[PDB]
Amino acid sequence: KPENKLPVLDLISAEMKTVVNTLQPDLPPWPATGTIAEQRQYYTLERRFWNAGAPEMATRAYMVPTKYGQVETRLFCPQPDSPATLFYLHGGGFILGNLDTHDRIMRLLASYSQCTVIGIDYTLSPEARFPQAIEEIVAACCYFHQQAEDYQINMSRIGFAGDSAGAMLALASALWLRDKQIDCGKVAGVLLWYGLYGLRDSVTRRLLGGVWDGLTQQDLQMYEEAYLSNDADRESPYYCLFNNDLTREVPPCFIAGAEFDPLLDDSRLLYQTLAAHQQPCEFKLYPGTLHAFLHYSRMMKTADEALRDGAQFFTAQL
């Protein structure tokens, strides 16, 4: 019921409004005859402007083997003596996004952390379905640990980081490693910007979300339908992470909420859950923000701040 929503575009900060009011004349419109390929194309082209001017550094690309085939990874090396390796899982509702769309986020995260960042181009939905992406990510991370010396990286300590669906993947992967009791490195940290962790409804979901951010409950349902293979996966402890054990041995979690994001309550609940069980974690609300704000670091101090904060939180565990 669109009418019942908070009037968002009026309440966001000035810097968030500047981003909202930014026009890109040379773009088509958001595809109506929406082939997923066209939506992908559109998201890719639209993100380009927001990724410009990213930090220069040494980058490399490597194909890593998984049960599902080779997965492209991209390695950002800010300096030669890294104390840890941080894996970045991009957002996009499971169906959009890639390593270019999140290039500036990842490079900023390497710059600020001074750690190797490794982006994983996991297979998108609906071609892939849960848990393929998670398995690919855990494969990538376990591979690089066992072959750390080949790539000249430090896999004694690792982290996972991601935005939106990426954040879900980040925490799902860390929990997957804990649970199946591998040592693919000491998971020193997990960085989680405006994630969803399996709530089916919430105060924030009812009060927020619209065409301005494409996070209506109808939007979320469609992304979920593209990702999940089975209705029962809705209750899996690697999708609904609140069905997993969050009471012990959870790596330290940096949880960043966007204020005017319907997914905010997923973050709050993740935090209140970890904190009530004495699990290491920090929660920070970024005022004035919509969902997805991380991309707007060139124009929004608060976006760059979120990046710096996560970087700092991670290096502080080392």
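Residue indices: 1-based, along the sequence shown.
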property: Between 153-161 and 86-94 (mean CA B-factor, as deposited), the higher; result: 153-161
property: Mean C-alpha temperature factor, higher of 165-173 and 180-188; result: 180-188
property: Among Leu108, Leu124, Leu199, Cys142 - the residue whose C-alpha B-factor is largest in the record; result: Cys142
property: Identity of residue with top Cα B-factor, from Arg129, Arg248, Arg74, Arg205; result: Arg248
property: Entry-reported Cα temperature factor of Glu135, expressed as the chain third it lands in; result: lowest
property: Relative C-alpha B-factor of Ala52, binned into the chain's lowest, middle or highest third; result: middle
property: CA B-factor placement of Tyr42, once the chain's modelled residues are sorted into thirds; result: highest
property: Lowest, middle or highest third - CA B-factor, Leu294; result: lowest
property: Third of the chain's Cα B-factor distribution that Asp103 belongs to, per the entry; result: lowest
